[PDB]
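Structure file coords.cif (mmCIF, C-alpha atoms) follows.
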```
data_work
#
loop_
_atom_site.label_atom_id
_atom_site.label_comp_id
_atom_site.auth_asym_id
_atom_site.auth_seq_id
_atom_site.Cartn_x
_atom_site.Cartn_y
_atom_site.Cartn_z
CA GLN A 1 116.65 96.69 83.87
CA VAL A 2 117.64 99.21 86.55
CA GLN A 3 118.91 98.30 90.04
CA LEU A 4 120.24 100.52 92.78
CA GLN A 5 122.45 98.75 95.36
CA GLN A 6 123.00 100.68 98.54
CA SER A 7 125.79 100.18 101.04
CA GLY A 8 125.39 98.38 104.31
CA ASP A 9 123.79 99.61 107.52
CA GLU A 10 126.01 101.74 109.78
CA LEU A 11 126.05 102.63 113.46
CA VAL A 12 127.78 106.01 113.84
CA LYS A 13 128.87 108.12 116.80
CA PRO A 14 127.47 111.60 117.51
CA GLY A 15 129.61 114.30 115.92
CA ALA A 16 131.12 112.01 113.32
CA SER A 17 130.55 111.88 109.60
CA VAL A 18 129.49 108.96 107.45
CA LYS A 19 129.41 108.30 103.70
CA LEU A 20 126.73 106.11 102.08
CA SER A 21 126.89 104.74 98.56
CA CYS A 22 124.39 103.86 95.82
CA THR A 23 125.77 101.71 92.98
CA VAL A 24 123.62 101.75 89.88
CA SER A 25 123.38 98.97 87.31
CA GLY A 26 121.42 98.90 84.09
CA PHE A 27 121.55 102.67 83.65
CA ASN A 28 124.26 105.26 82.84
CA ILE A 29 124.00 107.75 85.66
CA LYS A 30 125.22 110.54 83.42
CA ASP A 31 121.70 110.42 82.00
CA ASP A 32 119.62 111.36 85.05
CA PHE A 33 119.63 112.92 88.49
CA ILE A 34 120.16 110.72 91.49
CA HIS A 35 117.86 111.73 94.39
CA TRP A 36 118.31 110.99 98.06
CA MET A 37 115.46 110.57 100.57
CA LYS A 38 115.43 110.23 104.38
CA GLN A 39 112.90 108.25 106.41
CA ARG A 40 113.14 108.50 110.22
CA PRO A 41 112.03 105.37 112.08
CA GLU A 42 108.29 104.80 111.60
CA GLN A 43 108.03 108.37 110.13
CA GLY A 44 107.38 109.73 106.68
CA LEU A 45 109.59 110.48 103.72
CA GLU A 46 111.73 113.59 103.16
CA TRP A 47 113.60 114.60 100.06
CA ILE A 48 117.21 115.53 100.75
CA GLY A 49 118.22 116.72 97.30
CA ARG A 50 119.45 115.62 93.90
CA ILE A 51 122.72 115.53 92.01
CA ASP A 52 123.30 115.61 88.27
CA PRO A 53 126.21 113.20 87.93
CA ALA A 54 127.21 114.48 84.47
CA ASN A 55 128.35 117.84 85.85
CA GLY A 56 128.27 117.39 89.60
CA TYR A 57 125.57 120.07 90.02
CA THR A 58 123.54 119.64 93.23
CA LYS A 59 120.30 121.04 94.70
CA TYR A 60 119.51 120.36 98.41
CA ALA A 61 116.37 120.88 100.43
CA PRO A 62 117.27 123.79 102.72
CA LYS A 63 117.09 121.75 105.92
CA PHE A 64 119.85 119.46 104.55
CA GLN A 65 122.01 122.23 103.02
CA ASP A 66 124.60 121.94 105.81
CA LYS A 67 124.07 118.26 106.65
CA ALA A 68 124.33 116.47 103.33
CA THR A 69 126.96 116.42 100.63
CA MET A 70 126.14 114.54 97.42
CA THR A 71 128.80 113.37 94.95
CA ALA A 72 128.88 110.93 92.08
CA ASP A 73 131.43 108.94 90.11
CA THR A 74 130.30 108.44 86.54
CA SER A 75 133.01 105.83 85.82
CA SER A 76 131.76 103.44 88.50
CA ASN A 77 128.14 104.59 88.09
CA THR A 78 128.02 105.20 91.82
CA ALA A 79 126.54 108.02 93.86
CA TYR A 80 127.51 108.98 97.43
CA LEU A 81 125.76 110.73 100.26
CA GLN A 82 127.94 112.15 103.02
CA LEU A 83 126.25 113.17 106.28
CA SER A 84 128.13 115.45 108.64
CA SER A 85 128.13 116.24 112.35
CA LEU A 86 125.83 113.33 113.09
CA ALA A 87 123.16 113.71 115.74
CA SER A 88 120.33 111.49 116.90
CA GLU A 89 117.80 113.00 114.51
CA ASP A 90 120.03 111.84 111.60
CA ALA A 91 119.21 108.25 112.46
CA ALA A 92 117.02 107.04 109.59
CA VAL A 93 116.77 104.85 106.53
CA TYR A 94 118.33 106.71 103.57
CA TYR A 95 117.20 105.86 100.01
CA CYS A 96 118.64 106.73 96.57
CA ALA A 97 116.38 106.93 93.49
CA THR A 98 116.68 107.64 89.78
CA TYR A 99 114.79 107.38 86.42
CA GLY A 100 112.83 110.37 87.47
CA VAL A 101 111.96 108.96 90.90
CA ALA A 102 110.70 105.62 89.59
CA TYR A 103 113.47 103.29 90.75
CA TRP A 104 114.70 103.15 94.36
CA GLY A 105 117.52 101.51 96.26
CA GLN A 106 116.76 99.11 99.13
CA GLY A 107 117.81 101.74 101.66
CA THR A 108 120.67 102.06 104.11
CA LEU A 109 119.88 102.25 107.80
CA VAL A 110 121.93 104.74 109.82
CA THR A 111 121.78 104.56 113.58
CA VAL A 112 123.44 107.04 115.87
CA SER A 113 124.66 106.28 119.33
CA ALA A 114 127.57 106.44 121.65
CA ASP B 1 107.61 124.69 100.29
CA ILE B 2 104.58 123.05 98.81
CA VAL B 3 102.87 121.40 101.79
CA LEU B 4 100.97 118.19 101.03
CA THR B 5 98.15 117.17 103.35
CA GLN B 6 96.94 113.58 102.99
CA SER B 7 93.50 112.42 104.11
CA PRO B 8 92.65 110.16 105.92
CA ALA B 9 95.74 109.24 107.90
CA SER B 10 94.23 105.85 108.71
CA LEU B 11 91.89 103.95 106.44
CA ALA B 12 90.18 100.60 107.20
CA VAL B 13 88.51 99.02 104.13
CA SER B 14 86.86 95.60 103.60
CA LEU B 15 88.33 93.23 101.01
CA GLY B 16 86.55 93.78 97.72
CA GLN B 17 85.63 97.40 98.47
CA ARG B 18 87.08 100.67 97.20
CA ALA B 19 89.70 102.72 99.08
CA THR B 20 90.13 106.39 98.34
CA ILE B 21 93.04 108.55 99.50
CA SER B 22 93.22 112.35 99.05
CA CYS B 23 96.24 114.68 98.75
CA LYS B 24 95.74 118.47 99.03
CA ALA B 25 98.58 120.79 98.04
CA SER B 26 99.13 124.24 99.45
CA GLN B 27 100.08 125.50 95.95
CA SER B 28 99.58 124.15 92.44
CA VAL B 29 101.67 121.20 91.39
CA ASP B 30 100.88 121.82 87.71
CA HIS B 31 103.20 123.30 85.16
CA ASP B 32 102.32 123.88 81.46
CA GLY B 33 99.49 121.35 81.35
CA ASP B 34 101.20 118.58 83.39
CA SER B 35 100.51 117.68 87.03
CA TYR B 36 103.62 116.59 88.94
CA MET B 37 102.00 114.43 91.65
CA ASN B 38 103.21 110.86 92.38
CA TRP B 39 101.79 108.13 94.63
CA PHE B 40 103.95 105.56 96.42
CA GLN B 41 103.11 102.35 98.30
CA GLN B 42 105.36 101.24 101.15
CA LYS B 43 105.26 98.00 103.15
CA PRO B 44 107.26 97.64 106.40
CA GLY B 45 110.95 97.21 105.89
CA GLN B 46 110.64 97.81 102.15
CA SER B 47 111.38 100.70 99.82
CA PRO B 48 108.60 102.91 98.55
CA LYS B 49 107.16 101.65 95.26
CA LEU B 50 105.92 104.12 92.60
CA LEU B 51 102.23 103.47 91.71
CA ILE B 52 101.15 106.54 89.78
CA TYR B 53 103.06 109.47 88.30
CA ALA B 54 101.96 112.75 86.67
CA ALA B 55 98.70 112.41 88.68
CA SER B 56 97.12 109.65 86.56
CA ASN B 57 99.77 107.57 84.78
CA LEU B 58 99.95 103.93 85.91
CA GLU B 59 103.51 102.82 86.51
CA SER B 60 104.77 99.74 84.69
CA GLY B 61 104.17 96.56 86.65
CA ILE B 62 101.33 98.05 88.73
CA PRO B 63 97.83 96.68 88.29
CA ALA B 64 94.96 98.79 87.00
CA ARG B 65 93.18 98.41 90.35
CA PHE B 66 95.22 101.52 91.21
CA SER B 67 94.19 104.81 89.66
CA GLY B 68 95.02 108.46 90.11
CA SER B 69 93.07 111.61 89.36
CA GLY B 70 93.05 115.31 90.10
CA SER B 71 94.87 118.42 88.96
CA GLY B 72 96.03 121.70 90.45
CA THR B 73 95.96 121.36 94.24
CA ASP B 74 93.66 118.36 94.78
CA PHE B 75 94.58 114.77 93.94
CA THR B 76 93.04 111.33 94.62
CA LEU B 77 94.26 107.75 94.63
CA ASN B 78 91.66 105.02 94.25
CA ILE B 79 92.23 101.32 94.90
CA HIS B 80 89.58 98.81 93.95
CA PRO B 81 88.75 96.15 94.58
CA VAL B 82 90.96 96.12 97.68
CA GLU B 83 92.95 92.92 98.20
CA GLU B 84 95.05 91.58 101.12
CA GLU B 85 98.28 92.71 99.53
CA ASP B 86 97.13 96.34 99.45
CA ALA B 87 97.61 96.77 103.18
CA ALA B 88 100.44 99.30 103.28
CA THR B 89 101.23 102.93 103.90
CA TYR B 90 100.63 105.23 100.89
CA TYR B 91 102.37 108.59 100.27
CA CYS B 92 101.72 111.35 97.78
CA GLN B 93 104.72 113.33 96.53
CA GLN B 94 105.05 116.48 94.44
CA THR B 95 107.95 117.13 92.09
CA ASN B 96 106.84 120.42 90.59
CA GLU B 97 108.84 122.80 92.81
CA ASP B 98 111.85 122.48 95.09
CA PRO B 99 112.16 121.07 97.58
CA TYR B 100 110.16 118.01 96.54
CA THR B 101 107.73 117.18 99.34
CA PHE B 102 105.71 114.16 100.56
CA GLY B 103 102.36 113.91 102.24
CA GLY B 104 102.35 112.52 105.76
CA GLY B 105 101.09 109.07 104.80
CA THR B 106 97.90 107.04 104.87
CA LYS B 107 97.93 103.58 106.43
CA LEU B 108 95.48 101.25 104.63
CA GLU B 109 94.35 98.28 106.81
CA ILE B 110 91.92 95.53 106.02
CA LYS B 111 88.70 95.67 107.95
CA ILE C 1 103.40 106.83 75.50
CA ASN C 2 103.85 108.11 78.98
CA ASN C 3 107.15 107.40 80.74
CA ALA C 4 108.25 107.97 84.37
CA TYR C 5 111.70 109.27 83.40
CA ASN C 6 109.99 112.11 81.53
CA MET C 7 107.10 112.80 83.83
CA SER C 8 107.66 111.66 87.42
CA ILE C 9 109.73 114.85 87.94
CA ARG C 10 109.46 118.28 86.29
CA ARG C 11 112.47 118.80 84.11
CA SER C 12 113.69 122.16 82.88
#
```

Can you give me the file's structure in the form of structure tokens?
Amino acid sequence: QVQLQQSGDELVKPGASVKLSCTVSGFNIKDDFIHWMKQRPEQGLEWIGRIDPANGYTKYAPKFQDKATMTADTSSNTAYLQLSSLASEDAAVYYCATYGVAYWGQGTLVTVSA
Amino acid sequence: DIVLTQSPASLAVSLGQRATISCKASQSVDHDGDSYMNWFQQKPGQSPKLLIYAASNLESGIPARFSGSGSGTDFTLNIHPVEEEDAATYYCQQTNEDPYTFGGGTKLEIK
Amino acid sequence: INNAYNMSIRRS
């Protein structure tokens, strides 16, 4: 019943910021964390952090504490991931997940070049 | 962080045979009688798919050819019999302590 | 009955 629809792929310039979205259907996001994961090209998975959309509380993995900003809009059941000061190691596929970590979005590819 | 070490990193198995993947944690992933270890399958260009959660629970929609065992710091995924569609990269993940962490992956190929 | 919302992450 639950689907997570992520925003489209983005090519971004070094130094710039970008905001990704994750629109959830079939599930009230007030009722669970949304988690964000990073996967660098051909590499493994990293957890970025989670947000509790009901109260806006966030917990980040320390390496993303200054890179990522998570927000959520309960009215549109949508979660956002903002990445700042982009650099080449930020190029990756970014995933959102919820229902514990059972259901995942299709990912958003971010590439970084200029 | 809890460091997860997956073994082997590459696994070649014949169709019909049994594949076994191991995940060793640097600290316990148990809390109050529950083990917080998950296993994911990922095919190229696709999102990771949850197979097993809480070490041994089979996720809805996943066939019983997949099974999970272990507790504490040592966990195992078994796949049998292996079929063509099992060729994929598999990841273990713990969700006991922050930050959540993943193993480095095991690529399962058909021999 | 086991459920991934309850058990795929540790909740506190």

Could you work out which residues of chain C fall inside 8 Å of chain A? Count only C-alpha atoms, and format the result as a short mmCIF file (atom, residue, chain, number, x, y, z; two decimals) with C-alpha atoms, in the coordinates of the input.
```cif
data_model
loop_
_atom_site.label_atom_id
_atom_site.label_comp_id
_atom_site.auth_asym_id
_atom_site.auth_seq_id
_atom_site.Cartn_x
_atom_site.Cartn_y
_atom_site.Cartn_z
CA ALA C 4 108.25 107.97 84.37
CA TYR C 5 111.70 109.27 83.40
CA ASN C 6 109.99 112.11 81.53
CA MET C 7 107.10 112.80 83.83
CA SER C 8 107.66 111.66 87.42
CA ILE C 9 109.73 114.85 87.94
#
```

Residues picked by the PyMOL selection byres ((chain A) within 8 of (chain B)) here, as a PDB file with C-alpha atoms, keeping the file's coordinate frame?
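Heads up, here's the output in result_39.pdb:
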```
ATOM      1  CA  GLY A  44     107.380 109.730 106.680  1.00  0.00           C
ATOM      2  CA  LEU A  45     109.590 110.480 103.720  1.00  0.00           C
ATOM      3  CA  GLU A  46     111.730 113.590 103.160  1.00  0.00           C
ATOM      4  CA  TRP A  47     113.600 114.600 100.060  1.00  0.00           C
ATOM      5  CA  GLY A  49     118.220 116.720  97.300  1.00  0.00           C
ATOM      6  CA  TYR A  60     119.510 120.360  98.410  1.00  0.00           C
ATOM      7  CA  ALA A  61     116.370 120.880 100.430  1.00  0.00           C
ATOM      8  CA  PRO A  62     117.270 123.790 102.720  1.00  0.00           C
ATOM      9  CA  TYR A  95     117.200 105.860 100.010  1.00  0.00           C
ATOM     10  CA  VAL A 101     111.960 108.960  90.900  1.00  0.00           C
ATOM     11  CA  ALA A 102     110.700 105.620  89.590  1.00  0.00           C
ATOM     12  CA  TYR A 103     113.470 103.290  90.750  1.00  0.00           C
ATOM     13  CA  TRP A 104     114.700 103.150  94.360  1.00  0.00           C
ATOM     14  CA  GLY A 105     117.520 101.510  96.260  1.00  0.00           C
ATOM     15  CA  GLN A 106     116.760  99.110  99.130  1.00  0.00           C
ATOM     16  CA  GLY A 107     117.810 101.740 101.660  1.00  0.00           C
TER      17      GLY A 107
END
```

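With all atoms listed in the file as the atoms that count, the residue of B:34, B:39, B:76, B:19 with the shortest distance to residue 2 in chain C is B:34.
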
I'd like to see the residues matched by the PyMOL selection byres ((chain B and resi 67) around 12) on this file, and ideally I'd get them as a PyMOL selection string.
chain B and resi 18-21+38-40+51-59+62-66+68-70+75-81

Could the residues in this selection be saved with C-alpha atoms as a compact mmCIF listing (two decimals), keeping the file's coordinate frame?
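That gives us part_13.txt:
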```txt
# COMPACT_ATOMS: atom_id res chain seq x y z
CA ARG B 18 87.08 100.67 97.20
CA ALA B 19 89.70 102.72 99.08
CA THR B 20 90.13 106.39 98.34
CA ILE B 21 93.04 108.55 99.50
CA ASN B 38 103.21 110.86 92.38
CA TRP B 39 101.79 108.13 94.63
CA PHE B 40 103.95 105.56 96.42
CA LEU B 51 102.23 103.47 91.71
CA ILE B 52 101.15 106.54 89.78
CA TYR B 53 103.06 109.47 88.30
CA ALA B 54 101.96 112.75 86.67
CA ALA B 55 98.70 112.41 88.68
CA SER B 56 97.12 109.65 86.56
CA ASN B 57 99.77 107.57 84.78
CA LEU B 58 99.95 103.93 85.91
CA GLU B 59 103.51 102.82 86.51
CA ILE B 62 101.33 98.05 88.73
CA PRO B 63 97.83 96.68 88.29
CA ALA B 64 94.96 98.79 87.00
CA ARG B 65 93.18 98.41 90.35
CA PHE B 66 95.22 101.52 91.21
CA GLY B 68 95.02 108.46 90.11
CA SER B 69 93.07 111.61 89.36
CA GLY B 70 93.05 115.31 90.10
CA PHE B 75 94.58 114.77 93.94
CA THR B 76 93.04 111.33 94.62
CA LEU B 77 94.26 107.75 94.63
CA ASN B 78 91.66 105.02 94.25
CA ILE B 79 92.23 101.32 94.90
CA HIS B 80 89.58 98.81 93.95
CA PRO B 81 88.75 96.15 94.58
```

Please provide as number ranges by chain all residues within 10 Å of residue 79 in chain A, with the sequence filter that same-chain residues fewer than 6 positions apart are discarded (counting all atoms listed in the file).
A: 4, 6, 20-24, 29, 34-36, 51-53, 70-73, 96

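Across the structure, CA of residue 64 in chain A and CA of residue 85 in chain A are spaced 11.8 Å apart.
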